[PDB]
């Protein structure tokens, strides 16, 4: 495993994700912050997209890319330190995937399904009902939002791959 960072580039090219599995990793931030986005500059319901945030417990996280959508999933009141992926693909208008940020580093795993499709994977240990626990292990397949659309990186990040 090769782990490099902190990278400060503002764009990861889609073409650099198609060859191998890539972890995008973050030291735990001190407050809620937008981490990355895949999608056009302004919301376009015809295209798949996703936007990843870190959310600090007790704060409200509101999507930037989805700020104009008519859907309550565009905000999240964090009840744990967490990662939040606002996303849309296919006939899903908007969902938010939340995983708890259990350690001093966290992030997402990108697995290429083909040159134009990626599986985004997120995991974390969460509680509910005050004493039930769950290892959330989630993934979703995304086609590239459209040709030419890369990943916007808004904070420094680490990359891990083989």
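Residue numbers count along the first chain shown, from 1.
Enquirer: Higher average CA B factor in the deposited record is what I'm after, so tell me if that's 123-131 or 95-103.
Expert: Here the higher of the two C-alpha B-factor means belongs to 123-131.
Enquirer: Taking the mean of the C-alpha B-factors per stretch from the entry, tell me the winner out of 8-16 and 149-157.
Expert: Per the PDB entry, the higher value belongs to 8-16.
Enquirer: Can you pull the Cα B-factors for 63, 27, 60, 44 from the entry and say which is highest?
Expert: Among 63, 27, 60, 44, the highest C-alpha B-factor in the entry belongs to 44.
Enquirer: When the deposited Cα B-factors of this chain's modelled residues are ordered and cut into thirds, is residue 67 in the lowest, the middle or the highest one?
Expert: It belongs to the highest third of the chain when residues are ordered by C-alpha B-factor.
Enquirer: For residue 115, return the chain-relative third of its C-alpha B-factor as stated in the PDB record: lowest, middle or highest.
Expert: Its C-alpha B-factor belongs to the highest third of this chain's values.
Enquirer: Ordered by C-alpha B-factor within the chain, which third holds residue 39? Give me lowest, middle or highest, please.
Expert: Middle third by C-alpha B-factor.
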